[PDB]
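Undergrad: Take this sequence and fold it.
(9 chains, ligands or ions: 5)
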Amino acid sequence: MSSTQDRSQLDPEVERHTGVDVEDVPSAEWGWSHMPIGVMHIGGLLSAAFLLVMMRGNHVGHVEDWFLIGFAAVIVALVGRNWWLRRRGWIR
Amino acid sequence: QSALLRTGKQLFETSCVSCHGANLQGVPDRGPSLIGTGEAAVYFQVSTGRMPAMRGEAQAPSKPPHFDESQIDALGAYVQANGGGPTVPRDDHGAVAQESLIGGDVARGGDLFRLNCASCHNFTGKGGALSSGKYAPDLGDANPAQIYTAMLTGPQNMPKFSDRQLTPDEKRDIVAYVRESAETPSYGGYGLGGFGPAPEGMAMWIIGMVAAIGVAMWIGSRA
Amino acid sequence: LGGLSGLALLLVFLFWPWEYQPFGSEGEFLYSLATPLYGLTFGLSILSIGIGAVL
Amino acid sequence: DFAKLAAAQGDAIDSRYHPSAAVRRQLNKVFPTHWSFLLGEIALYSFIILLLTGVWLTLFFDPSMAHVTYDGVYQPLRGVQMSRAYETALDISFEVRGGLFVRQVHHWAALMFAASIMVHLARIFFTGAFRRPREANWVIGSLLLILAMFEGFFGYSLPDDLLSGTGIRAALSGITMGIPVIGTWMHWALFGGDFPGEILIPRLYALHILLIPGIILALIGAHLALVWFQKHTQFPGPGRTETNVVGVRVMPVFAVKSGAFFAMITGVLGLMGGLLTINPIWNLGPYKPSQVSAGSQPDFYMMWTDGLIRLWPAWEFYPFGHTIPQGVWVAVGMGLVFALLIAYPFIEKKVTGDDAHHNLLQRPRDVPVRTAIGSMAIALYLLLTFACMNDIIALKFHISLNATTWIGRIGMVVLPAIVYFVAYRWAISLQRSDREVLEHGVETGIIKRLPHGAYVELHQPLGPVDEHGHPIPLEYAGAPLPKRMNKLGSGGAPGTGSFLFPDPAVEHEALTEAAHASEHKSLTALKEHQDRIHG
Amino acid sequence: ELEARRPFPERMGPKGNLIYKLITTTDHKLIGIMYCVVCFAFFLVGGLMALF
Amino acid sequence: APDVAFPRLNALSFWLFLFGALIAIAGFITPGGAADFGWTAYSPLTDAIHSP
Amino acid sequence: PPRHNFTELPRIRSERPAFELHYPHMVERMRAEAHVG
Amino acid sequence: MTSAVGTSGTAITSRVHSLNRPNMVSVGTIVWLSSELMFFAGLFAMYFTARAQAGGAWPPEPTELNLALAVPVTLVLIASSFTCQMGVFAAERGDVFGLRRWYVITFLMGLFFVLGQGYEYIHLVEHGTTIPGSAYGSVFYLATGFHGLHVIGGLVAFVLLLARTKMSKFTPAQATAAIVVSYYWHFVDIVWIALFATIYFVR
Amino acid sequence: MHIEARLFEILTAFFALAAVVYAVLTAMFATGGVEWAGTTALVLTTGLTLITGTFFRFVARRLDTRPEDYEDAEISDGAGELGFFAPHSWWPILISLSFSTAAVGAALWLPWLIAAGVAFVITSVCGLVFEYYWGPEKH
Ligand SMILES: CC(C)=CCC/C(C)=C\CC/C(C)=C/CC/C(C)=C/CC/C(C)=C/CC/C(C)=C/CC/C(C)=C/CC/C(C)=C/CC/C(C)=C\CC1=C(C)C(=O)c2ccccc2C1=O
Ligand SMILES: CCCCCCCCCCCCCCCC(=O)O[C@H](COC(=O)CCCCCCC[C@@H](C)CCCCCCCCC)COP(=O)(O)O[C@H]1[C@H](O)[C@H](O)[C@H](O)[C@@H](O)[C@@H]1O
Ligand SMILES: CCCCCCCCCCCCCCCC(=O)O[C@H](COC(=O)CCCCCCC[C@@H](C)CCCCCCCCC)COP(=O)(O)O[C@H]1[C@H](O)[C@H](O)[C@H](O)[C@@H](O)[C@@H]1O
Ligand SMILES: CCCCCCCC/C=C\CCCCCCCC(=O)OC[C@H](COP(=O)(O)OCCN)OC(=O)CCCCCCCCCCCCCCC
Ligand code: HEM
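TA: Numbering: from 1, shown residues only, chains lettered A, B, ... in the order given. Ligands and ions are numbered 1, 2, ... in the order given. Below is the structure in question.
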């Protein structure tokens, strides 16, 4: 009871009509809420590529290369799953 | 001594013949041969406890010794008789020398430590990391005989400092510096371990910064 | 408390066994906590003054 | 007659000058009373302490590589060749009363300065205190952070020491000399020749006591002036709009609490200078190229650069009869880090499209993408900082050094992504929690309904309640919501007597009634001002 | 005389609704589900050891 | 019942399980490895002398 | 289950409250044959 | 927000109405204390095995228990239990400040007990006996020092409960919290009585 | 709470019998007399169940027959105000993390990480306990 409701008029300025919606991100209008999926897909692919490329180096070790392979493989698998699901409309 | 040799043999036969095969020859891929290691190597290694070793790993860790001084001497005498090699220092009475190994000069000992020891251990004998699971341990537990014998016989991935390379006077100075740096109180407060940047930054972020943020939260108003 | 700690800082700074003591020497313990006492007194004094002001 | 003296001095001031209007403006200036807005004040106060201790240190420090045998008081270093810088640092530590304390509190103040700059940067970035206005303020603040980093780098390198000289040899020499087109030319021009050139420490002393601190002071003046005249932004709240500042005036409350906070911060710094040992240069022998330790780390603010050096995978290029060492990789990495940090507000505005004049902060949860990016960046910074410490981490926490190095290498691309995803989802879920609180009221204890065995949490609505039980959902207003009746008027009136004994009932009733009346008055004033503004 | 249901129940749920619950979970039902998933993860981890 | 007796406590129980479990698994990342001695962890084999 | 596990509670009489709830006719039967074993 | 949807004057109340129903907090505390009894049972088993394997002179020659300092501390712990029960009575009443006084003196006497145990530890360590020094020393130190850690935990609970009473109005919730803290303190003093009778008298 | 108390009373009877018989048959007919580990463990698990059962019996005599204990008790009989059950809280995870930082400090013998884990544990336990008592901020 000892609390007063808040009235806020923040200055707005993309108009959010495209991208994310309040049902998905409740505070979409209040700040940057949408990162294009292409950005994250390409970022994951480049992270996997960097992990694979680190195999080429001055290390006589081999478990290091195998760890890089595994992490790059799971990253690529996640990116591929996301891309495939969004291509099919989030199915399976 | 005859009985000392016999006791060393009996301890050896029921302690290490599984990995330093009888006849002191090493078991291929379990332990090196102890021929030529000498009494100093046995004293250091067993007294630090590394040798009753129950795993083959990156490094044999230290542990409580499995033998008392008399049994350490027995094992060392047995190994010295079988192989023949460096001998642990001893005082006038016959016991392993502890105070006699404190070199008079400490500046010289510190210079030698920095040139040779700090390379991996620390500025002041705290531990250090090594390539693959190895590490140089803190020297604050080691007693003067242990430090001297560690130099005399490179235990593991540690350069072997012969008497010719580091005259016993230089080793005594290094021992004096090690003990002095270990037993010396931190001037200026609690030395957070011995590593400056990392413990100092953590203590900042945890003690000073939480204090500042908590005081700011007390003074200000959440909103 | 801030004032008493400031006076403590003054008295400790003026009269305390400062100066390096070689090693294992009588007075080495006093020297080891000489500087910590300076900092303790100073920080406690000004921190107590600040706490009083905040209160 | 102190009152008469004060009145006469005020009349004299207002006759010689005419500062009445300006002084009244300064005193009446309103500052929001949020705790997170004191984070910059922490950095400012630490900077002031740094200046005060640095003057004292300069009164006793001698910058020079001129070799000297100590012949001082510290026995463990006697007759050892050392530079005059190291000798006078040892003299400050030992043969000057309180010199050890002064240098220790100076170094602790440097560490707190860096840490508080980092925390203030986090606050502003996550609350969006940089967009449209204050973007130049963010830019100069980024320059200030970089200057502080390098200032501390030159500071702890100032007393020629084994640890700090090894750090200099690594970074300043190797990185500088590896740069392709002009690397050796920059190295020789900074060091007056080869690495141990006889002018390095004097040059760093100039840079560290006058040049860089002068620039830091000028930029702090610009920063504070910008904050002062571009009125401080505030979080959304009851009476807080984009065209007003709700808080407390400078004179009565803000000034006193800021001074008290300065006192407490300097008290914390002094306590830590006393009780905690920082940079025991006496333990760290004089610099010699042939000697080194295993730690070999820089202060925590340069620890991320050092960790980048450690983690980057030894990629070297050899053009026609030339070499491009791995130092250039880390140099370009630092350049990119600083460029992105300086240019973020413009990058953010280009990406999103918002150039609107923003005076109301936004809660980090309300901006999932930016809080996610900041969490990702903080994760990368922490990864690099701990990679620099992998040596001691491996030593103490028994993990192989190669394992720590490769954990850093893999994480610096894996951990940022994990933290980004987790922070994004966490922000959205905080928003969802806020919405559920808005539409259902706060949660409380469970009650079993009379006729049937239904269990209902017996919520408490935060707004007008519909004719039936369920309330009319409110609309989110960018301000925190009370998720515990704890923090509302529920169970908050203990006997106001004392810790050990009570007070008379009449006094207790008077006190509690007066407090309740004051709370009603404050809430009503906020409500009426809000209604007047929005109606 | 007929009910307006969804063709299929909500498959997963809106972004960012579970992560904060897990941290702040106080519903035994969710905690029990966290137990089952986490415990089963250790079954796979511990079970993989048996294969070696 | 609607909930457990101490529903913040059972939340702590899960997290104590999870984090307690992880630091036991953490023996693997160490160069030496996890605990050599069997699940039973008999006394003489477990002391600092054996399995150090 | 709804948060707090229940919007209702049936008459609890035996070790099968839900069986009694869903099959009231069995309630008498579950008692008649109980002791036969 | 007319008045409140939950007609309660405390954001946090008793977890069940204790007049007709058991106090859940008390039940849980009693069960957990019964478990801590088994923890101390493990410690007692260690001590008794060492005692059995001792060769007649259970406290070795170097060690010598100081009843002069062990009787005052146990008496002080019993007094602390009595004062804690008085504070429990205050908490059963609405006497916030009476509870605070009783629990403050209980905390002071428990701190005195901890300091006396530390003094006896210092004296014993000076006179030879040590954890690594002897099996008797080690089992004695494990038992009595784990009890001392439990006493420190009880002291922390006391100060924490007192802070809670300071920050919120006294209610049946805080009364029950005081009651369960007192249950912990009574369990601690009972296990101390057992440890005293075992270490010193029974030996 | 008659059945709740009687369960622990039965457990106490059985554990007391087990402790007594073990102590007797180990004092005599054992290689080295009383085992002194199993005996103590059995005695103090008897004590565990005895404490719990005694408290439950005290409560059973102190409280009238609850609806839960009463057969033929309608749901409406127990319908009423259940007490405060803590809603969402993130303090348990912090307590677990602090205790884990103390535990790793104990495992890897790091007094500094023990000292900090314990501080951490005190802070998080204070937060959990004060969660629903921290009055509104007074400015
Ligand atoms: C052995 C040895 C040498 C030991 C000593 C160590 C050493 C070398 C140095 C440290 C020694 C000293 C001198 C320590 C104390 C430092 C010091 C001056 C502390 C002052 C704090 C104090 C004593 C407070 C007493 C309590 C009290 C009554 C407070 C109210 C009255 C006071 C003092 C008000 C001070 C107000 C204050 C902090 C002014 C700072 C002036 C400056 C630089 C900026 C002002 C300013 C501020 C503060 C903003 O926050 C701000 C935010 C947004 C936009 C603009 C501004 C802005 O312009
Ligand atoms: C900030 C930290 C968070 C990082 C997030 C990123 C998460 C991804 C981690 C990537 C892990 C990469 C591990 C592989 C790395 C690698 O390639 O190195 C190996 C060593 O393998 C290993 O153990 C692998 C251990 C992997 C465990 C990773 C644990 C993650 C922890 C750190 C997460 C907790 C984080 C805590 C956060 C704290 C928050 C602070 C606020 C081999 O070295 P070596 O030892 O020389 O082995 C030789 C033989 O090969 C050879 O046959 C034989 O002959 C011998 O020579 C042998 O020595
Ligand atoms: C809040 C402000 C207060 C700050 C703390 C100030 C404390 C002041 C202490 C009293 C004055 C200074 C005493 C200086 C005397 C002194 O230095 O103290 C050593 C102890 O040292 C230790 O072990 C640590 C013991 C544990 C207690 C201290 C722990 C405090 C940490 C937690 C504070 C930093 C915060 C970090 C947070 C971590 C969590 C991060 C998530 C004791 O000797 P010792 O133990 O034998 O040292 C070994 C040589 O001997 C031996 O050769 C040598 O080789 C070494 O082994 C050496 O350790
Ligand atoms: C689920 C998978 C389950 C996989 C579980 C397998 C576990 C077994 C591993 C080690 C056992 C102890 C042997 C220890 C000795 C190693 C064996 C050997 O000798 O194998 C031949 C060469 C090296 O020859 P080298 O003589 O060692 O000398 C070299 C330079 N001088 O390696 C090879 O081609 C063969 C590869 C050998 C090990 C590589 C394993 C690393 C990581 C796998 C994937 C991580 C995935 C992360 C996912 C995010
Ligand atoms: C502006 C931010 C500053 C930072 C971050 C900073 C940081 C540091 C640090 C970390 C040290 C190492 C102290 C030690 O190792 O004991 C140091 C040394 C020093 N600082 Fe600064 N400082 C700053 C400003 C100043 C100023 C303004 C002055 C002069 C007024 C100054 C004068 C000195 C001197 C003379 C030393 C050498 C002390 C020694 O060798 O022990 N510093 N600085």
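
Undergrad: Can you list the helices and strands that the longest helix anywhere in chain H packs against?
TA: As assigned by DSSP state H, the longest helix anywhere in chain H is helix H:135-167. In terms of contacts (3 or more Cβ pairs under 8 Å, 6 or more residues apart in numbering or on different chains; DSSP states H and E), helix H:135-167 is packed against helix H:24-53, helix H:96-126, helix H:172-196, helix I:111-130. C-beta: built from backbone N, CA, C; applies to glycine.

Undergrad: For residue D:336, find the nearest of the ones you listed.
TA: Closest to residue D:336 of those, according to Cβ to Cβ: helix I:111-130, at 34.7 Å.

Undergrad: Next, the angle from that closest one to helix H:172-196.
TA: 140 degrees (axes from the mean of the first three to the mean of the last three Cα atoms, to 10 degrees).

Undergrad: and helix I:111-130, is it in reach of chain H?
TA: Yes - on the criterion Cβ under 8 Å from any Cβ of the partner chain, helix I:111-130 is in touch with chain H at I:122, I:125, I:126, I:129, I:130.

Undergrad: quick one on the thing from earlier: distance to chain C and mean neighbour count added to the helices and strands packed on helix H:135-167, as a markdown table?
TA: Listed next are the helices and strands packed on helix H:135-167 as a markdown table, based on distance: least, Cβ to the nearest Cβ, whole Å; neighbours: other Cβ atoms under 10 Å in any protein chain shown:
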| stretch | distance to chain C | mean neighbour count |
| --- | --- | --- |
| helix H:24-53 | 35 | 18 |
| helix H:96-126 | 17 | 18 |
| helix H:172-196 | 26 | 22 |
| helix I:111-130 | 17 | 17 |
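
Undergrad: Of all those, which one comes closest to residue I:38?
TA: When those are compared for distance to residue I:38 using Cβ to Cβ, the nearest one is helix H:24-53, at 8.0 Å.

Undergrad: on contacts alone, who are the packing partners of that closest one?
TA: When contacts are defined as 3+ Cβ pairs under 8 Å, 6+ apart, helix H:24-53 sits against helix H:135-167, helix H:172-196, helix I:38-62.

Undergrad: I'd like the helices and strands packed on helix H:135-167 laid out as JSON lines, including distance to residue D:203.
TA: As requested, the helices and strands packed on helix H:135-167 are arranged in JSON lines below (distance: least, Cβ to Cβ, whole Å):
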{"stretch": "helix H:24-53", "distance to residue D:203": "64"}
{"stretch": "helix H:96-126", "distance to residue D:203": "55"}
{"stretch": "helix H:172-196", "distance to residue D:203": "64"}
{"stretch": "helix I:111-130", "distance to residue D:203": "38"}
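
Undergrad: between those, which gets nearest to residue C:51?
TA: For residue C:51, the closest of the helices and strands packed on helix H:135-167 is helix I:111-130, at 19.9 Å, according to Cβ to Cβ.

Undergrad: any chance you could map the helices in the chain?
TA: Since no chain was named, I'll use chain A. A:37-53, A:63-88.

Undergrad: ah, no, chain E please
TA: E:19-24, E:28-51.

Undergrad: what's the answer for chain B, then?
TA: For chain B, helices defined by DSSP H occupy the ranges B:2-13, B:38-48, B:69-82, B:107-112, B:144-152, B:168-183, B:197-203, B:209-219.

Undergrad: who's in contact with the fifth one?
TA: The one in question is helix B:144-152. Here helix B:144-152 makes contact (Cβ atoms under 8 Å, 6 or more residues apart in numbering or on different chains) with B:38, B:40-41, B:43-44, B:47-48, B:86, B:88-89, B:96-102, B:139, B:142, B:158, B:160-163, B:166, B:168, B:171-172, B:174-175, B:178-179.

Undergrad: How about that helix and ligand 3, touching?
TA: No - if you take Cβ under 6 Å from any ligand atom as the test, helix B:144-152 misses ligand 3, and the best it gets is 12.1 Å.

Undergrad: Please report phi then psi for the residue of chain F found nearest chain B.
TA: As assessed by Cβ to the nearest Cβ, chain B sits closest to residue F:31 within chain F, at 2.5 Å. The phi and psi values for residue F:31, taken as degrees, to the nearest 10, are phi -60, psi -40.

Undergrad: start to end distance for stretch D:456-474?
TA: 21 Å (Cα to Cα, to the nearest Å).

Undergrad: Please compute how far that stretch lies from its chain's middle.
TA: Centre-to-centre, stretch D:456-474 and its host chain are 41 Å apart (Cα atoms, centre = their mean, to the nearest Å).

Undergrad: circling back to that earlier point, report the inter-axis angle for the longest helix of chain H versus helix H:172-196.
TA: Helix H:135-167 and helix H:172-196 are oriented at 160 degrees to each other (the same axes, to 10 degrees).

Undergrad: burial measure for residue 1, as a count.
TA: Here I'm looking at chain A. Counted with other Cβ atoms under 10 Å in any protein chain shown, residues neighbouring residue A:1 total 13.

Undergrad: actually it's chain H I care about, not the one you picked
TA: Residue H:1 has 18 neighbours, counted by other Cβ under 10 Å.

Undergrad: The helices of chain E: which one's closest to chain A?
TA: helix E:19-24 (12.8 Å).

Undergrad: could you check whether the closest one is close to chain D?
TA: Yes - counting by Cβ under 8 Å from any Cβ, chain D has neighbours in helix E:19-24: E:19, E:20, E:21, E:23, E:24.

Undergrad: now these in a markdown table, with neighbour count and distance to residue D:425?
TA: Listed next are these as a markdown table, based on neighbours: other Cβ atoms under 10 Å in any protein chain shown; distance: Cβ to Cβ, whole Å:
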| residue | neighbour count | distance to residue D:425 |
| --- | --- | --- |
| E:19 | 20 | 4 |
| E:20 | 21 | 8 |
| E:21 | 16 | 11 |
| E:23 | 17 | 11 |
| E:24 | 21 | 14 |
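
Undergrad: of those residues, closest to ligand 2?
TA: Of all those, ligand 2 sits closest to residue E:23, with 15.8 Å by Cβ to the nearest ligand atom.

Undergrad: Roughly how far does residue E:40 sit from residue H:43?
TA: Distance of residue E:40 to residue H:43, given as Cβ to Cβ, to the nearest Å: 36 Å.

Undergrad: make that residue D:92, sorry
TA: Distance of residue D:92 to residue H:43, given as Cβ to Cβ: 52 Å.

Undergrad: Leaving out the residues flanking it, which one is nearest to the residue of chain F closest to chain B?
TA: residue B:133 (2.5 Å; Cβ to Cβ, 6 or more residues apart in numbering or on different chains).

Undergrad: Give me the contacts around stretch D:129-137.
TA: Applying Cβ under 8 Å, 6+ apart, the contact partners of stretch D:129-137 are D:123-124, D:138, D:223, D:226-227, D:230, D:233, D:344-346, D:348-349, D:354-359, D:361.

Undergrad: quick check, it touching ligand 1?
TA: No - taking Cβ under 6 Å from any ligand atom as the criterion, stretch D:129-137 and ligand 1 are apart, separated by no less than 10.5 Å.

Undergrad: Figure out the length between the terminal residues of that stretch.
TA: End-to-end distance for stretch D:129-137: 9 Å, by Cα to Cα.

Undergrad: Can you point out the buried residues in that stretch?
TA: Within stretch D:129-137, the residues that qualify as buried are D:129, D:130, D:131, D:132, D:134, D:135, D:137, counting by 16 or more other Cβ atoms under 10 Å in any protein chain shown.

Undergrad: Much appreciated, bye for now.
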